[PDB]
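J.: Let me begin by handing over the structure; questions about it come next.
Number of protein chains: 2
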Amino acid sequence: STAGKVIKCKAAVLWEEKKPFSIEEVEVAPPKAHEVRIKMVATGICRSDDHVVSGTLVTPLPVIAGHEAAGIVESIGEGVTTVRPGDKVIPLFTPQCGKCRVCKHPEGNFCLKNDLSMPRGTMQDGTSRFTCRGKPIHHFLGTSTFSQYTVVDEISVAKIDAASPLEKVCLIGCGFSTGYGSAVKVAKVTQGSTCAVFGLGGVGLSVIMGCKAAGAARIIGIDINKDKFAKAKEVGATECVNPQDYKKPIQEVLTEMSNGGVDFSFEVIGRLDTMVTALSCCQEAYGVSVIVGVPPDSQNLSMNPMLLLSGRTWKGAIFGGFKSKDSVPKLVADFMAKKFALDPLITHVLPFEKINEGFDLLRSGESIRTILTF
Amino acid sequence: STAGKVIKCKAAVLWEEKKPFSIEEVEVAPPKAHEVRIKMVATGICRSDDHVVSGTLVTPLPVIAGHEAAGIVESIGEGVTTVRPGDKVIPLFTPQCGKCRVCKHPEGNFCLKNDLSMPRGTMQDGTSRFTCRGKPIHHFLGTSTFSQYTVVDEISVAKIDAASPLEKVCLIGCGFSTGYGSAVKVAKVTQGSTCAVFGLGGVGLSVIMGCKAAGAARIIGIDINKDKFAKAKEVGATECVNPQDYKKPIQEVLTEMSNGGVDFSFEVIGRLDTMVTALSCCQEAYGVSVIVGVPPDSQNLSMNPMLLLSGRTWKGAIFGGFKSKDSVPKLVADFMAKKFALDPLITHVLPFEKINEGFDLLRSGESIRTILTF
Ligand SMILES: NC(=O)c1ccc[n+]([C@@H]2O[C@H](COP(=O)([O-])OP(=O)([O-])OC[C@H]3O[C@@H](n4cnc5c(N)[nH+]cnc54)[C@H](O)[C@@H]3O)[C@@H](O)[C@H]2O)c1
Ligand SMILES: NC(=O)c1ccc[n+]([C@@H]2O[C@H](COP(=O)([O-])OP(=O)([O-])OC[C@H]3O[C@@H](n4cnc5c(N)[nH+]cnc54)[C@H](O)[C@@H]3O)[C@@H](O)[C@H]2O)c1
Ligand SMILES: [Zn+2]
Ligand SMILES: [Zn+2]
Ligand SMILES: [Zn+2]
Ligand SMILES: [Zn+2]
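As you go down the protein sequences, you meet chains A and B in turn.
By the deposited numbering, the letter at position 161 of the first sequence is numbered 161, and the numbering carries on one by one without gaps.
By the deposited numbering, the letter at position 263 of the second sequence is numbered 263, and the numbering carries on one by one without gaps.
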């Protein structure tokens, strides 16, 4: 009975940077042509959502953030062919339009319809489906999952297995897939190699999972929070190092430990300095370094291009390099077949209403992923 | 007979930066164990040699520069097994020791025995074979080809076809192989792709040759000297553009020309700004940019890592990525089998005694390669 009607529901609205979310009533318009309205079931708290709050990642405010989630289709707009009401779905923060030059390219995944490069905070048609206190509210990355209901473009949703546990598979919408793909797809980590992973949060742990799945012999985790080391070892780190323990810069330490540099390094934090350190610590002639972390808005790094001239490869990726709509259902199917584990990433569970406590847990260093249930 | 004896011969000594070469008598010691003394036949003038003069590339002075050459073995030290007196050879400015982790890696070529990273200007044993006016003179990259005779370590020399024309194949010692390999091996240019080549000197032309050999559909040459365009088109450029002709930055122009960014870009100049421009003009999700130019000593570039996070790959290489001792003989064989051309790169042929005139032709923009003949 809600099809074609405005839904009034609770969402977590971010009115201002550096402030708590406000859990309050919003109006969610019905889906227009090629749009899908989703009843959310679970959403994860990713550091990128916190970047919205801190101004690290600039997107228009006020906003409904959230991008790592799973839910059930409530209704579909005219012309939608890929999902139906009642289907389990994961919103895709990187769309897959299937039509642009990137979508057509065998390697590419950063579809040109994305709202990450130059965020507008709208639907594809340049408008918003959200009203709060009578005011229009921005979308985030075409997903906006911190709401009991959201509306997404069809190119920003994937149908997943009907028997999927949504409180787990939501992590396939961002943190797991990003880290795992960064290792297996972007870096193409090789059997017997030595990897260095900077940052041992949910995404970095997923990188470790991918490096172990790819057969790396050594996986060195690097974090300034030694509380992160036990879980990193559980999921495959062979050793962990805290830069604060050393007199020398950590790129030197890692070069020494790896007898001349690592095969693959990953920056999974979001700092300009660690991006350069991670490049430097890979072997100068054949090493590969992948940037995963999101840097502070509009800031440039400084580096010596001799690091590249000797033979290093430097790359980055969004969402692990995965073409989103093709890949998410397959990743869920693989999860259901026990090909990888998600539980190691889930440290806390809270109701959606305790979203602010969830962010407190992330900011204190205590959590990896908190999953919020609607 | 000269074997076992000091040779007094003519060489071009660089006594200090930013001065002409001094053409005068030097003494060349006989080769020690695992060393090879070569009578030079032809040597090219590479921009990297000019970088030694200009202080762009730092290496100990005084020095016998020159690294792109071909000659004939005069004698061998004890224990040499890979060349014999009378063999045609190309000195290898990047060695191939065959033993280090890089030499053993399938994709590495920047052998750890190189003298490029931390130049000492000596033989592998830390001593010099050259004296001039009673003073020791440094080697350059283990080669020192601006001399009628040089001494090189065995790991820094390759035997080539006895029927080779040395006045042409000397280019395989640096500029040809560097450009060609940067395209075919390091970038792995694909059939039907669009490439952008910044800098249309000898190395850039060789990058164009490689892009064409790989089947690129479009090859855009970029240079501030429009006199370089005719030859660039002869060897495969489909379009040429001069940044000075445009009101907008050339990365914007190139992005527009390529309907959203090129597949492969190459920096073949040695400027920090063009390194960043070249990265920026490749497609943000799947583009690849290769740094070939040598930048000014100790200077860092500034760049926004979002350029990489979207999906770009940035890499550099020495000597086109080629494992030097394995590759040089095969390249010469390929040249003899007419698989590529070298004549388009050679604009001037001068006696060795005219080295300074050869450098003046480079600096003025008038030459591609001058070959000096002994
Ligand atoms: N490329 C993508 O598509 C993508 C997707 C998901 C997340 N991200 C980004 O990836 C990064 C990690 O996300 P996350 O795992 O959720 O975050 P997180 O849980 O905050 O983990 C980051 C880790 O970095 C550690 N850390 C902080 N400073 C340093 C330092 N100087 N040296 C070493 N370790 C340090 C910190 O202790 C923490 O455990 C963030 O910047 C995200 O915005 C990118
Ligand atoms: N990586 C290696 O192993 C390797 C080997 C050989 C050469 N190099 C370097 O490659 C570079 C090219 O060498 P080369 O071809 O002998 O030099 P070159 O013949 O001087 O060619 C450089 C070209 O760049 C052009 N140029 C200068 N400034 C600009 C600009 N702003 N925008 C566009 N074009 C510009 C210039 O007009 C010239 O045609 C030099 O830096 C060499 O030191 C590197
Ligand atoms: Zn697309
Ligand atoms: Zn995320
Ligand atoms: Zn070696
Ligand atoms: Zn050179």
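For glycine and all other residues, C-beta sits at the position ideal for the given N, C-alpha and C.
Just to check, is the beta-carbon of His139/B closer than 7 Å to a non-hydrogen atom of ligand 6?
T.: No - ligand 6 has no heavy atom lying nearer than 7 Å to the Cβ of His139/B.
J.: Output needed for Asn225/A: all residues of its chain with C-beta closer than 6 Å, excluding positions within five of it in sequence on either side, in chain order.
T.: The answer, listed in chain order, is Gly365.
J.: For the stretch 142 to 152 of chain B against the stretch 28 to 38 of chain B, do three or more pairs of beta-carbon atoms, one drawn from each stretch, fall closer than 8 Å, so that the two count as touching?
T.: With the cut-off at 8 Å, the stretch 142 to 152 of chain B and the stretch 28 to 38 of chain B touch.
J.: Give the interface partners of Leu57/B over in chain A, defined as CB-CB distance under 9 Å, in chain order.
T.: Per Cβ cutoff of 9 Å: no residues; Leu57/B is ~11 Å from chain A at best.
J.: For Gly44/A versus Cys174/A, is the C-beta distance shorter than 8 Å?
T.: Against a cut-off of 8 Å, the Cβ pair of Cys174/A and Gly44/A comes out as a contact.
J.: State the CB to CB distance for the pair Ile368/A and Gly202/A, rounded to an integer number of angstroms; the pair is presumed to be in contact (CB under 8 Å).
T.: Confirmed, Cβ separation roughly 5 Å.
J.: I'd like to know whether the C-beta of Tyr180/A is nearer than 8 Å to at least one C-beta of chain B.
T.: For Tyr180/A, the answer is no, since every Cβ of chain B falls outside 8 Å of its Cβ.
J.: Expressed to the nearest angstrom, what Euclidean distance is found between the alpha-carbon atoms of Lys135/A and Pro91/A?
T.: Approximately 24 Å between the Cα atoms of the pair.
J.: Who are the Cβ neighbours of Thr238/A in its own chain at under 6 Å, not counting the five residues just before and after it?
T.: Excluding residues within five positions, the ones whose Cβ falls inside 6 Å are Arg218 and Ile219.
J.: According to DSSP, is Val102/A helix, strand or coil?
T.: Helix at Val102/A.
J.: Do you know how far the Cα of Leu254/A is from the Cα of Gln244/A?
T.: Whole-angstrom Cα-Cα distance: 14 Å.
J.: Taking the runs of the beta strand (DSSP E) that are 3 residues or longer, which of them lie wholly in the stretch 196 to 229 of chain B?
T.: Entirely contained in the stretch 196 to 229 of chain B, the beta strand (DSSP E) runs reaching 3 residues are, in chain order, 218 to 222.
J.: Less than 7 Å separating the Cβ of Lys315/A from some heavy atom of ligand 2?
T.: No, since every heavy atom of ligand 2 falls outside the 7 Å radius drawn around the Cβ of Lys315/A.
J.: Kindly indicate which residue of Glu68/A, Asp263/A and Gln251/A has the alpha-carbon position closest to the one of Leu171/A.
T.: The option with the nearest alpha carbon to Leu171/A is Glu68/A.
J.: With 8 Å set as the bound, which would you pick, yes or no: does the beta-carbon of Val102/A sit closer than that to a beta-carbon of chain B?
T.: At least one chain B Cβ lies under 8 Å of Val102/A.
J.: What does the alpha-carbon distance come out to for the pair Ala187/B and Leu301/A?
T.: Near 24 Å, if we compare the C-alpha coordinates of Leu301/A and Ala187/B.
J.: Relative to chain A, which residues along the stretch 314 to 348 of chain B have a C-beta separation below 8 Å, given in chain order?
T.: Within the stretch 314 to 348 of chain B, the residues whose Cβ lies closer than 8 Å to some Cβ of chain A are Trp314, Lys315, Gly316, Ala317, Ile318 and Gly321, listed in chain order.
J.: Check whether the Cβ of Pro119/A lies closer than 8 Å to any Cβ atom in chain B.
T.: So no, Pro119/A is outside the interface.
J.: Counting only beta-carbon atoms, is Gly142/A nearer than 8 Å to chain B?
T.: With 8 Å as the cut-off, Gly142/A does not count as an interface residue toward chain B.
J.: What residue does the alpha helix (DSSP H) around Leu166/B start on, and which one ends it?
T.: Run containing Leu166/B: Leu166 to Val169, per the alpha helix (DSSP H) assignment.
J.: By a C-beta neighbour count over all protein chains shown, 10 Å radius and 16 as the cutoff for buried, is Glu267/B buried or exposed?
T.: Label assigned to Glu267/B: buried.
J.: Which residues have their C-beta within less than 5 Å of a heavy atom of ligand 7, listed in chain order?
T.: Absence of ligand 7 is noted for the structure shown, with ligand 1, ligand 2, ligand 3, ligand 4, ligand 5 and ligand 6 being the only ligands found.
J.: Closest Cβ-Cβ distance between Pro249/A and chain B: below 8 Å?
T.: Output row for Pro249/A: interface = no.
J.: Buried or exposed: where does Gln251/B fall if 16 or more other Cβ atoms within 10 Å of its Cβ makes it buried?
T.: Buried, because 16 or more other Cβ atoms sit within 10 Å of the Cβ of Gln251/B.
J.: Measuring only from the beta carbon, is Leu61/A closer than 7 Å to any heavy atom that is part of ligand 1?
T.: No, the Cβ of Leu61/A stays beyond 7 Å of every heavy atom of ligand 1.
J.: Between the Cα of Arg312/B and those of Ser265/B, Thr2/B, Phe322/B and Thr143/B, spot the shortest distance and give me the residue it belongs to.
T.: Answer by Cα proximity: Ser265/B.
J.: Cutting at 8 Å between CB atoms, please list the residues of its own chain near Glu16/B, excluding the five before and the five after it.
T.: Here the set comprises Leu61 and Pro62.
J.: Does any residue of chain A bring its CB to less than 8 Å from the CB of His67/B?
T.: Judged by the 8 Å Cβ criterion, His67/B is not in contact with chain A.
J.: Does the Cβ of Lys226/A lie closer than 7 Å to at least one heavy atom of ligand 1?
T.: No.
J.: If you compare alpha carbons, which of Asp50/B, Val53/B and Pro30/B is closest to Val73/B?
T.: Of the candidates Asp50/B, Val53/B and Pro30/B, the one whose C-alpha sits nearest the C-alpha of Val73/B is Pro30/B.
J.: Since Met303/A meets chain B, which of its residues come closer than 7 Å, beta carbon to beta carbon?
T.: Those are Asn300 and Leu301, listed as they occur along chain B.
J.: Quick check: the Cα distance between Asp360/B and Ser144/B, rounded to an integer number of angstroms?
T.: Looking at the two C-alpha atoms, the distance is approximately 20 Å.
J.: Does any C-beta atom of chain B lie closer than 8 Å to the C-beta of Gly108/A?
T.: Interface residue, yes.
J.: Secondary structure at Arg363/B, three-state DSSP: helix, strand or coil?
T.: If DSSP states are grouped into helix, strand and coil, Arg363/B belongs with the helices.
J.: Flag this pair as touching only if the stretch 293 to 308 of chain B and the stretch 330 to 347 of chain B have three or more C-beta atom pairs under 8 Å; answer yes or no.
T.: No, they do not touch.
J.: Going straight from the alpha carbon of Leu309/B to that of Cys100/A, what length do you get?
T.: The straight-line gap from Cα to Cα measures roughly 19 Å.
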